[PDB]
Structure formats: structure tokens, C-alpha cells
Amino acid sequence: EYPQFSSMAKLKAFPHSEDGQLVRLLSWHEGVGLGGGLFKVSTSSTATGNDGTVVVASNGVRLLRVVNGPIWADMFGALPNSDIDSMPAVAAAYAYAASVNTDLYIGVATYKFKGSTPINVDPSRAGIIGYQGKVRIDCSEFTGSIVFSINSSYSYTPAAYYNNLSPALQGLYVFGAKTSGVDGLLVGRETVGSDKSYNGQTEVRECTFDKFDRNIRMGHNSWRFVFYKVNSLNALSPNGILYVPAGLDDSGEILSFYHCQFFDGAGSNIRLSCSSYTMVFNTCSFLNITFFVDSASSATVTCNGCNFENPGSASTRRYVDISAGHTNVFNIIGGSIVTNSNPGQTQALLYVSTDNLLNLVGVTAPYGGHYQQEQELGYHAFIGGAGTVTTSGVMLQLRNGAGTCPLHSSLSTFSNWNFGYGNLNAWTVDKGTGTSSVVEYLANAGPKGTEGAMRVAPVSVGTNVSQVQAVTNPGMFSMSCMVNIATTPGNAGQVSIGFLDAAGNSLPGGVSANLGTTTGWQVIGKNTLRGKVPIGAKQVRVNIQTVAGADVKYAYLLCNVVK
């Protein structure tokens, strides 16, 4: 005889007695066809009854489901595409799976998670895998603080052996309704435990988090998690795409993201605020959001082959804003930075504050005619802030018809470029025969009224102000200037850049910008003061010529040679 039973209730009611008998369950719920399987009668098992993988019959005899491979939620009575809250059945199935160090599968379908009780995934025991397709976890009615957390139950082993063997979460679209106070995923622990939680090597892959307060938030013990093909979008919090708060314990080692997409925040963004925290992003995209870094110290973010872009957006938000702290480093290596047109880009899209560093390697700096960064900076450049920028292998868009701009003040070719010395030192001021000509430093006379400017008012003959510095091939350059013509009898002058070899031979490839006749502060140089460093150049010379009878103020004479 090979007994078969049509439902879990009927299986449980029968007086099973023969040890080792195999009994078939057709379905967990009568008439559905899911959750069935083979069960072994055991009269001496100590296993806990759970109406799923261990059934205690009414006479006390245990029936042990024969499972090869993962546990499935339907083994505990979960149903696909049901209007009943599925979180209890998933939580019960997960508790069993974790207890036997086996992953839990959720069959592909839609599920509703209601109530307020989170699921804590223990990556040292079991992950939760949507199997396989577009598994939809509707948390729009969930009211708890977090839907999922991921945190090991151990301080060392066997987490050091087991976390890496299977993902913690895979294959799930998890979404809310942007209710204040409900977050999606907590990576680590809410509060500091008495002992550490060993979370290294834990993976979240092929999941989307959407429409939470914070979609993904790092907690304590957030270290060596890896994310592959994770999407985070449309969160409520200003920090809601991905938030790493300050003050985390036992956190920060190589948080890694491969081919993840952080996007369409509609006001939500990424913020890294924890000190001594190292994040690596490989082939990720950051779209219509800002990446803020305000850690007190020792944040290191590396973006290898990533894109930063504003697709379909009119927002002037920054792409990367390193705004506080010291010894914070942000690397952009390869990939792309793309700036679609908007009504006017009135602030720098990259910003690096004092004592911090933004490194650009092997990436092209974009240019667009809508660039208006001078509204923030006082002058036309791509990057703001008093930190440091470095370039290695950076390409400028030298053939862009709208222009090119320098990248940053810290890359200035010329000394006293902004008259910040408080005088005209480092510049040679050649009035020629014009003994009456006026050339004066003026405090608080530049574009913002808080910086110096050089006023040039030649009489009878023009005045030439110049500076020479060492350069060599290979390289490319762009210069911008702020100029304010007060009056002029025609073209007011020109700014020129030329190159010489070490013997004083003038090389081809000199460029020049005419000042014109329009009064008021304006940017000079966009599509003129740019080019490639000639092969054999050893010196670069800038010259500012102002004609007789013109009266011009100059500020922020910013050349960058990327080399």
C-alpha cells in the first residue's frame, strides 16, 4: 500500500503508526495542489511539529517531510496570489529553514506582507530566494519599522564558513507606499549587541527596493556585504535611496555593489555619514539623485565604471557632494558623467570640501551650453569646494561646440589666479609707454563682492599682463576668466595662451579670446581657451591684453592643464 492524503489536516488526523512508512501528501490546502510531498512516519523523532516539514499526528506520531534541497514556503501553507497576509507563513517557513541551515524558496507569484513584524534573515543560516521570476512582495500595508533585516546570530564561526555559501535575499521586488517610518531593508543591526555579529560575505542580489522611507539602511555590523543587480528607487526620505548613518559600530569594511542602479529618488538620495567606511561601486548608475558624503573622517568611496546622469530631469541637484569632514576620498574611475540640458546648471555638479579629495581617472568631463556654475562659484568651473581634485587620463570635450571649462581651483596652472594673494604678485604688468595707465588690485571687487579683482585702465597704449609656467606633453587644457568691461572704444582686448619649448621657440597651437564690447560680469574662454598641449612644449604663457581707453576688471583667471 502507498497511502495518500488530500490535505495537511487529513494527513494529521490519521492514526499513522508504522515507522519508515512513506506517505504522500497531495496538497497542503485541500484542492490547491501546492505544498504536497512525501512524509516518513517516525515514532521516535524529537522534531518540533510545525504543520509544514514536521507534522505531529493526532495520536502523537511524527511525520517528517522528505526534503531534498531548499524549504519552500508553500510547504507551510503559503499560497500564491492570495489576499491573505503571507508574512506569517513565510516567517514560519523561514524559522524552520534557518534552524536546519537550509535556504527558503518563495514560489514566483505576488504576496502581501501586512502587520508590523519584521523578518530577520540570519545569513549564517538561511536566505530567502524568490524562485524564479518576477516575485512581487507588496508591503504597502505593512506598518512596522523595517520589513527585512539581515544580521548573523554568531560572532565568528560558523558565520565565517557559511555566510558566503548562499545569498541572504535574491529575486524579490519589495515595495511599500512611502509611509513615513517604514523602511525596506536594514543591513546589520538596529542597536549595538553585547557581542559582534559576523556579517561578512553576505549577499543581496537581484532585488528591487521601492517606495519605502529609507529603502536600504546600514546598521551596526554592516561589513563586507555584497549587492549584485540591486535596484533602489523612489524613497520618501531625503536619504532614502541608500543611507549609512553616523556612529555605526563594527562597520565599514568593503561594502560592495556590482551593477546596481540607484535612481529616480523624486527627492531621495544616497548619504554616507559614517566615518572609517569604505564602499566600492562597480558598473553602477546614479540617476536623478545626489551622492552625499558628510562623514567626519576616513570615508573612501570608489566608483569604477559607473554613470552619473540626470535623464529626463530638469533638476540642478549635484551628482556628488562631499560636504564635510576630513580625509574623505571619492574616486571616479572610468565610466561616464553625463549632463543632459536643463534650464541652467547654476551650481557645480561635483563638490569636494576642505581637507577631502575627489580623484578622476580615465573619464571624460562633460560640457554643455546650459552650464552656469559661476552663479554658485563666482567663476566658470565644473567642480566646487575647497578640497583637492586630481586627474589622471581625463579627457576634456575639446570639440564640443558649446565650449569646455576648467575642472577645479586646485588644478590652477597659474599662481595668484584669483588675486587671493591680496596683490598682483606673480603677474608681470607691462604698461609699455603708458605711464598714465592704471593697473590696480581691488579688494572685494570680483563677481561676488568678496574676492579680489585686477582693474586695468590703459591710457594711450595698451597694457599686457602675463605669466609663464612649466608644462609638458601629453596634456589638454581649458581656461575660463571672469571679465567686467566698464567701457571700451571697440574690442576691449584679448586673453591668449601660447606654448614655448625650453629654448624659447614659440610652438603652433596658440589660442585667444576677444573680450568684445558687452559690459558687466561675463565668462570668457568657453569655446576659445582650450586645446591640446603641443608635443615638445615646455612652457605655457598666458597674456591678458587690454586696449588703450578700455577699462576692464579681471577675476578668477583659472586655467587647468589635465596631464
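Note that residue numbering follows the sequence shown and begins at 1.
Engineer: Using the B-factors recorded in the PDB entry, average over the C-alpha atoms of 329 to 337 and of 437 to 445, then report which stretch comes out higher.
Structural biologist: The recorded data point to 437 to 445.
Engineer: Between 257 to 265 and 464 to 472, which has the larger average Cα B-factor in the PDB entry?
Structural biologist: Looking at the recorded C-alpha B-factors, 464 to 472 comes out higher on average.
Engineer: Could you tell me which third, lowest, middle or highest, the C-alpha B-factor of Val547 occupies within its chain?
Structural biologist: Highest third, going by the recorded CA B-factors of the chain.
Engineer: Looking at the C-alpha B-factor of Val561, is it in the lowest, middle or highest third of its chain?
Structural biologist: Highest third - that is where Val561 ends up once the chain's C-alpha B-factors are sorted.
Engineer: Split the chain's modelled residues into thirds by Cα B-factor; is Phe499 in the lowest, middle or highest one?
Structural biologist: Bottom third by C-alpha B-factor.
Engineer: Select lowest, middle or highest to describe the third in which the CA B-factor of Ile128 falls within its chain in this entry.
Structural biologist: According to the entry, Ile128 has a C-alpha B-factor in the chain's lowest third.
Engineer: Would you mind checking where the Cα B-factor of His29 ranks among the modelled residues of its chain, as the lowest, middle or highest third?
Structural biologist: It belongs to the highest third of the chain when residues are ordered by C-alpha B-factor.
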